[PDB]
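Each chain is listed here by its residues.
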Amino acid sequence: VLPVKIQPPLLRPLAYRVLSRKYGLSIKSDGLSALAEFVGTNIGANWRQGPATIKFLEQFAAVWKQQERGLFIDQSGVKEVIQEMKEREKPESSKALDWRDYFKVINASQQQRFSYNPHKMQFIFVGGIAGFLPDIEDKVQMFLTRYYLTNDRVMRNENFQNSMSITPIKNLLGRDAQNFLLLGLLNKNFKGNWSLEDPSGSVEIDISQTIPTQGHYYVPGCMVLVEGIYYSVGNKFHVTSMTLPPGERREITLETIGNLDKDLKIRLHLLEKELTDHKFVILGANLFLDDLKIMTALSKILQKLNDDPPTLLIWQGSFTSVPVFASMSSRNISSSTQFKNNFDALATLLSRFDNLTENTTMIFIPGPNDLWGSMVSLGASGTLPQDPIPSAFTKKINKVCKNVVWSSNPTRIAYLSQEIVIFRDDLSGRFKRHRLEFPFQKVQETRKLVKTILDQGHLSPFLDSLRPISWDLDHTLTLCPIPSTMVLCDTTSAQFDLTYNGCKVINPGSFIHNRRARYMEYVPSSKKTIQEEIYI
Amino acid sequence: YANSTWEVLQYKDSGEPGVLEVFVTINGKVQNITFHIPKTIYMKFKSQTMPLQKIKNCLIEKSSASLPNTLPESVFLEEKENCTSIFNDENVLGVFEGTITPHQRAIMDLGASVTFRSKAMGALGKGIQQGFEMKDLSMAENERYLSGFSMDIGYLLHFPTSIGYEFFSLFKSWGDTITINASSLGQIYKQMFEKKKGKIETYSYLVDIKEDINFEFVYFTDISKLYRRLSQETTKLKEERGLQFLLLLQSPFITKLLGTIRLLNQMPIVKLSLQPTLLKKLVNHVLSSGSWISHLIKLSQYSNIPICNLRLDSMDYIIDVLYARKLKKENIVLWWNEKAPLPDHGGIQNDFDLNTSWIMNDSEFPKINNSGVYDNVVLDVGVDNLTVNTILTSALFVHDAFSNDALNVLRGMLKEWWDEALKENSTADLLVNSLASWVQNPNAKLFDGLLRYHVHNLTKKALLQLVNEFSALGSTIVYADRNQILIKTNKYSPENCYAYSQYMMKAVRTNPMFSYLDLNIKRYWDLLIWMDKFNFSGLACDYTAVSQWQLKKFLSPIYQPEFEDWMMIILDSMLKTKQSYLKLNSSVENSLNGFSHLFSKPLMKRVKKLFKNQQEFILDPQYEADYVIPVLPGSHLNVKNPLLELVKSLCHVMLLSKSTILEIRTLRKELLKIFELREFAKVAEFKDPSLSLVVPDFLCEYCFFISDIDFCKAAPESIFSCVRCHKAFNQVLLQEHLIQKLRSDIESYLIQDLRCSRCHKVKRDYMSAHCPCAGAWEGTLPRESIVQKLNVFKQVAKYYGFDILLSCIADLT
Ligand SMILES: [Zn+2]
Ligand SMILES: [Zn+2]
């Protein structure tokens, strides 16, 4: 533990002798200097560092897998990894593992681009002021990628469970009366009649005399599994039974993707048991800060949480009563600055609690009436991958706390080996409005909604003419791994908590249902939820 | 309550949908009354008879017409159940399509402000205990004299500021105790306040002010005097005149009221919502408070509205209330949607629709602009009342069109207000101008995107018809932008202009379509070199001359005076040539055919001298302060030879004329020979140095002027202030509108329709590698266009110092 400074020239012989000869690692001058600094700091007289170098190189070859170790990033990374493995074994550090280094929240703009090579591959894709503008090919392939994902899901589930094959729509032309099973995107033709769209083509469908699976919502833009007899007399597909694709368990998708290292899995599993007492509190929807009654109720809720602050306090969308837009007036209407005043008022009612706002990440989720998204939509369901609340309106709130995250509407949480997805949207209303009728209670409707969302595998299985989506930011809506926990926030659906296909779906509902400021509590360790209604 | 108007209809809900305060001005004095109002819903039973009959009988089909995109279901407490009777069985709560109008609103819409309880004394006493339900009470009554005669006031104006001076001032009709060296300035304003009160005592005849105005200089250090002292003073005044005073409240933010003051003054309340130098503001406001009381009385007399109407663009609320009344007289469902700017189209208004989105974010007004030199006399005709005249004369399958019946209702109402204002009618004209301005106001309580789009198309087509009419009259158009139109009269002689112009205006007014369209000629141009609105010069009335060339701002500071001087030289040469042609006599070929010969040789020699001077001093320091290209919001061009840019601009403004193209091309070739540049070289071609960034249909909050503000081209003084007036514009409003346009551009790029790159057939399917004609898909809005627009926005924000716009740009990436 004796500190010492050792110059790179004397350490150079032994360093190379092991890094280069034993394993084949090239060490640069700057990297050699950094390694000499590390060895001098964490050991004296620089004699018994052979095991340290061996551990460094073996970790580097096991994880990083490249050359030129002296990049100031590879060396630091391997030293840190050595630190955590020594910590979990319980030197430079001998403390306990902290979940903060394994807890992260992923925005819609910072995920990994995963485009599926149509045959069999899930590839990885990963520049100026207008560097966020999607390209045209992104719009072209937006639905193709979704179809390929659904087709892979069907090829894994249906054939191994039910064994009719899937015939591409282009294969129905010459056939006169044979039976086919089509997987296509239900949509309305420009001529005004329903049809299914496939990468190979499209075909009109005669929806009369169809028996649909009643446990699903059927809407244009959702991908269905129709079955019927093609007719070449009028080029129509007389569908008999149409149902949504079967869902998949998350664990099944993980071995196909094959994404985790063993040490990271062990550490995450260990802190899963160690961190038993962590509480996630999910507030209600439509926190209308403009309303004085809701403002007073929020004070009582924050006071109650101040006694025992939770791990995360998630705030739902539509923070203001009226949609924000450019207002022509000489008063303090000023829909921009009035938002700033509302957040400043929130800061007053939030900085008053010293016990709260400390050791509590505060994630904020935007809604239909938030800045930069309500400017054009005027409070309607506009572009789905909503950008976070602008930082220009969060000066006081961010100054008051120390860990506050402003995230996208379809945000992702990486608290542990499990993934949590938060989504604020009135899915039930749109589903009911755009559900198509077949010419041929509340808990049942909630189950229908959850089943439709999970079977579709997409957060919004809707057409581009009903819910515009940023073309490149579409993977942020795809439920390819089917995350374990999903906060399907809503304002037109009754509060519920359901589990399906290994996924826990929780809907806190509106903040004020009749007279109570409802909010939800989530315990990741026990996977148990409970609502906390508080009277006004 | 007998023929008594409620002064304020404040929402005394107490959780009851229908219970609210009614301060009806009874014959003796105002008294607090409670009402009861069922929540009417316009859910017409479309092809489905539902016999459920939960609480109230439901009318079948409502005998009305819905909104393409007399009280059915008259419940009383929807709180009973939010889920209500959701069935989705052929329009039985399948689509709401009802009314969101809460209490305090349906009362004004249906019941007149003045009302009389058409019941006996026993029924009156029975209704005293619980309230006066509108179902069996409160018939609408005539409003010949709706207001009162002598009403006490409780003036409590307050103008806070962050500098550190508190304006928690209160005024009394007789107490005169204004509690805040002010006596001298107060008397100074009193010196003409004798005349002001004489006007009040001859036109208002409502209240009088005591002459002993005592000013109490008290410093409201903290809340103890900021709020508690004000509350105790106002409760002392309240117990002084018991429910016998009208609160004239002025406060930028109303939360001070609703804290404790509002329920301290439940009596009739009005929300005006409007260091030594700032002292005069208080005395001016207190001594002018006696002027608009008569205006409010007149407004409430004409418009059937109580005194609870807010003064923030009160014309918008008046128009909403009157339009709702005229629409309720007809069997048309309303689209109120008080909570949100979007129309109350049931529930279909909350989801994205491509057509609705397009009609919303499309306000670009076509401009007809012809560039050239016009030796003929051209008139700067300025149109006015285009929207009003358009809706009035619009009388003279389509899913994108507004309802024809609602438009007819609007036309009839506008005709009524118009004829009224024509005869002496103050409020009538106020409301016509206000309607012109509201149609496009999302804050309106009846705003409809379809209606605004319909009005926009009607205005576009009316302007096109006006242009065609002027062309037929024998005058070509060189500019038309919905606020002004420039016509090229064929009369060469400037003397023969007045009679021709008057004949033209009369002939335009003869057409029924433009009868209400008022036109006035602003300026006469004997000569005009027109490139754009912001790049023009010429002789104006024949003796004044103007040189407004935005191209000059993009030249190096040394050459800006050279361009300015040579513009005057060119204009004078053109004038001399025109005079010579007119003297000799008294487009293929006009009066100008050799105007370049006057200054060709001096210009060439000056350019040679300037080129030698530049070659001497281009690289040497201490001169780079002159040979520097200015940075402007529209700057997008890299300049290597600033003198070449100067000669390019001069040659372009000379090439504007169509007749003298050849003699100016020869001059340009000779000029370019100096730089050893070819005549048709790419670098020698003139490209506009400035881009454009227009905020369409920007509205001036004072004079109601609808103009397209351009930020990359207009001078800074012409964007922060209006045109017809000279009042300033809010920085926050400009930044908000710029952000709105930026988000509209982003959304329009994201929701664009792809089309084939070879046959241009629009893409119809969702999964398709390419067009069936073997052509790759391409967008109708290229990505490069949006990138350029974003760069323009960033340049404007960085130059003008728009902080919120910079925050938006940063938040994009
Ligand atoms: Zn103005
Ligand atoms: Zn094509």
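Residues numbered from 1 in each chain as written, not as in the entry; some residues may be left out. Chains lettered and ligands numbered in written order. Part of a larger assembly, values for the part shown. Heavy atoms only, no water. Residues with missing side-chain atoms left out of burial classes, pairs and counts.

What the entry reports as its method is cryo-EM, with 3.07 Å given for the resolution.

Assigned secondary structure in chain A consists of 13 helices and 19 strands. On the principal axes, the C-alpha backbone points of chain A span a range of 90 × 65 × 45 Å. (Helix = DSSP H or I, 4+ residues; strand = E, 2+ residues; numbered from the N terminus.)

All names here are of chain B. Only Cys700 (SG), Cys703 (SG), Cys722 (SG) and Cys725 (SG) from the protein reach the zinc ion (ligand 1) as donors, at distances of 2.3 Å. In terms of primary sequence, the donors binding the zinc ion (ligand 1) are separated according to C-x2-C-x18-C-x2-C. Taken together, the residues span a long stretch of sequence, with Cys703 in the loop between β20 (694-699) and β21 (706-710) and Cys725 in the loop between β21 and α19 (731-750) at a distance of 22 residues. Classification of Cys725 as buried rests on a relative accessible area of 16%. (Donors = N, O, S within 2.8 Å, 3.2 Å for Na, K, Ca; no water. Buried < 20%, exposed > 50% of the residue type's maximum accessible area, 1.4 Å probe, protein only.)

Chain A puts 63 residues into the contact, and the matching count from chain B is 69 residues. Contributions of two or more residues to the side of chain A that touches chain B are made by α5 (136-161), β4 (179-188), β5 (194-198), α9 (335-351), α10 (374-377) and α12 (427-434) of chain A. For the side of chain A that touches chain B, the leading source of residues is α5(A), giving six residues. (Contact = heavy atoms within 4.5 Å.)

Residues and elements named next belong to chain B. With their axes 11 Å apart at the nearest point, helix α15 (residues 559-585) and helix α17 (residues 642-655) run at an angle of 20° to one another. As far as their axial angle goes, α17 and α15 are roughly parallel. The handedness of the crossing between α15 and α17 is right-handed. Every residue of α17 that contacts α15 at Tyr559, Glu562, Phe563, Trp566, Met567 and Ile570 is listed here: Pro642, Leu643, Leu646, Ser649, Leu650, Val653 and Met654. Of the residues in the contact of α15 with α17, the class split is eleven nonpolar, one polar and one charged. (Axes fitted to C-alpha atoms, helices over the stretch in contact; angles between N-to-C directions. Parallel < 35°, antiparallel > 145°, perpendicular 65-115°, else oblique. Left-handed = near helix turned anticlockwise from the far one by under 90°. Nonpolar A, V, L, I, M, F, W, Y, C, P; charged D, E, K, R; others polar.)

What follows is about the coordination of the zinc ion (ligand 2). All names here are of chain B. Every protein donor of the zinc ion (ligand 2) is accounted for by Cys756 (SG), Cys759 (SG), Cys771 (SG) and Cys773 (SG), and the metal-donor separations fall at 2.3 Å. For the zinc ion (ligand 2), the four donor atoms are set out with angles of 107 to 111° between them, so the coordination reads as tetrahedral. Linear spacing of the donor residues for the zinc ion (ligand 2) on their chain is C-x2-C-x11-C-x1-C. Among the residues examined, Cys773 registers a relative accessible area of 31% and is labelled partly exposed. (Tetrahedral: all angles 85-135°; square planar, octahedral: opposite > 155°, others 65-115°.)

A separate point is a negative patch on the surface. A surface patch of negative charge is lined by A:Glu37, A:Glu80, A:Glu92, A:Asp98 and A:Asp101. Position of A:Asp101 relative to the elements: it lies in the loop between α4 (74-89) and β1 (105-106). (Patch = residues over 30% accessible without salt bridge, like charges linked within 9 Å, V, L, I, M, F, W, Y side chains within 5 Å. Areas by Shrake-Rupley, 256 points an atom, 1.4 Å probe, with all protein chains shown as cover. Salt bridge = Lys/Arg side-chain N within 4 Å of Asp/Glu carboxyl O. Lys, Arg positive; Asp, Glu negative; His and termini not counted. Charge placed at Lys NZ, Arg CZ, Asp CG, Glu CD.)

On to the nonpolar core. Among the nonpolar cores identified, the biggest contains 148 residues, and A:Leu298, A:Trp315 and B:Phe711 are the most heavily contacted of them. Residue assignment places this core across two domains, with domain 1 (103-158 + 245-535) and domain 2 (164-244) of chain A each supplying three or more. Those residues in contact with A:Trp315 that lie beyond four places of it in its chain are A:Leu283, A:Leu287, A:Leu298, A:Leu302, A:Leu350, A:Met362, A:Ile363, A:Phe364 and A:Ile365. (Core = buried A, V, L, I, M, F, W, Y, C linked by side-chain atoms within 4.5 Å. Domains from an automatic or database assignment.)

Once that is clear, we can look at the sheet that holds strand β7 (residues 156-157) of chain B. All names here are of chain B. Strands sit in the order β7-β10-β11 across an open sheet of three strands; the sheet is parallel. Both edges of this open sheet fall to β7 and β11 (269-271), since each of them pairs with a single strand only. Here strand β10 (residues 247-250) pairs with β11 via three bridges, running parallel. Each residue of the ladder has a partner; that of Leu247, found in β11, is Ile269. (Pairing = 2+ DSSP bridges.)

All names here are of chain A. With mixed pairing, the six strands of this open sheet are ordered in space as β1-β13-β14-β15-β17-β16. At either margin of the open sheet sits one strand with a lone partner, and together these are β1 and β16 (496-500). Of the strand pairs in this sheet, strand β13 (residues 411-413) and strand β14 (residues 420-424) are connected by three bridges, and their pairing is antiparallel. If you follow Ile413 over to β14, its bridge partner there is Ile420.

Residue and element names in this part refer to chain A. A grouping of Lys340, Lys395, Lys396 and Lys399 is seen on the molecular surface, where their side chains present a positively charged patch. It is helix α11 (residues 395-400) that contributes the most residues to the positive patch, three residues altogether. By the secondary structure assignment, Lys340 is in helix α9.

Before going further, it helps to spend a moment on the packing of aromatic side chains. Residues and elements named next belong to chain B. Counted under the stated rule, the structure contains 51 aromatic pairs over all chains. Geometrically, the ring pair formed by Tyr500 and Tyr503 is edge-to-face, given 6.2 Å between the ring centres and 70° between the ring planes. A residue pair is termed a helical-turn pair when its members lie 3 or 4 positions apart in one helix, as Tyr500 and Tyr503 do in helix α14 (residues 498-510) at three residues. Ring centres 5.7 Å apart and planes at 15° place the aromatic pair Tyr800 and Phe802 in the stacked group. (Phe/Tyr/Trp six-rings, centres within 6.5 Å; stacked < 30°, edge-to-face > 60°.)

Residues and elements named next belong to chain A. Among the secondary structure elements, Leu14 is positioned in helix α1 (residues 8-23). Residue classification places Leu14 among the partly exposed positions, given a relative accessible area of 40%. Along the chain, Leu14 and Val39 lie 25 residues apart, while their C-alpha atoms are 12 Å from each other.

This next bit is on the pairing of strand β17 (residues 503-507) of chain A. All names here are of chain A. Taken across its five residues, β17 has five buried, putting it largely inside the fold. Burial along β17 is two-sided: the face carrying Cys503, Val505 and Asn507 and the face carrying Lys504 and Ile506 are both buried. Pairing analysis gives three bridges linking strand β15 (residues 485-489) to β17, with the strands arranged parallel. Considered in β17, the bridge of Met486 is made with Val505. Here β16 pairs with β17 via five bridges, running antiparallel. By the bridge assignment, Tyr500 is partnered in β17 with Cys503. Hairpin connection, β16 to β17: the antiparallel pair is bridged by two residues, and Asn501 has positive phi, about 55°.

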